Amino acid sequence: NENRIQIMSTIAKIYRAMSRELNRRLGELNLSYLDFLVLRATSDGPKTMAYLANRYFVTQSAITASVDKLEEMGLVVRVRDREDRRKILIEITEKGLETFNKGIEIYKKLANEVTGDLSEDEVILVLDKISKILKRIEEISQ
């Protein structure tokens, strides 16, 4: 078995290809993949820029550029935290949520395509197993 190591490098290969294809397909909505991720995160709740940079493993500059772009398009707004007005949060707008919905459909379509060879039964089995891999490494790295 060079299989375990192969699983991790295959996952890495799929990720790079998926990032590239998603960057391309999301352009239809004038969004980079990172922009999409920022919307996904803020849809979950207001976030600080520091949170976003760490969550997606990108530089602060990447986040600042992404936010300015979503902000410019009225999808997010920077608002001060209520408890301490010195801290700024990135908050999704109703329009941001609407664009997020569209981005998810673009994402769904690509996923349905790339996983097309798998039956719903295999999908569940695969998800369940790679979910174990994620849980293991998330504890380890942080």
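In this text, the rigid core denotes the largest set of C-alpha atoms whose superposition between the two forms falls within 1.5 Å. Numbering starts at 1 and runs along the sequence shown.
A fit on the rigid core, followed by a root mean square over CA positions in 5 other deposited structures of this protein, ranks 101-109 against 74-82 and picks 74-82 as the more shifted one. Of 110-118 and 60-68, the stretch whose C-alpha atoms sit farther from the shown form in 5 other deposited structures of this protein, after fitting on the rigid core, is 110-118. The question of which stretch, 110-118 or 29-37, has the higher mean Cα B factor is settled in favour of 110-118. Among all modelled residues in its chain, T93 ranks in the lowest third by Cα B-factor. Looking at the C-alpha B-factors along this chain, the one for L22 belongs to the highest third. Ranked against the other modelled residues of its chain, the C-alpha B-factor of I7 as given in the entry falls in the middle third. Sorting the modelled residues of the chain by their CA temperature factor places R16 in the middle third. The deposited CA B-factor of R55 belongs to the highest third of values across its chain.
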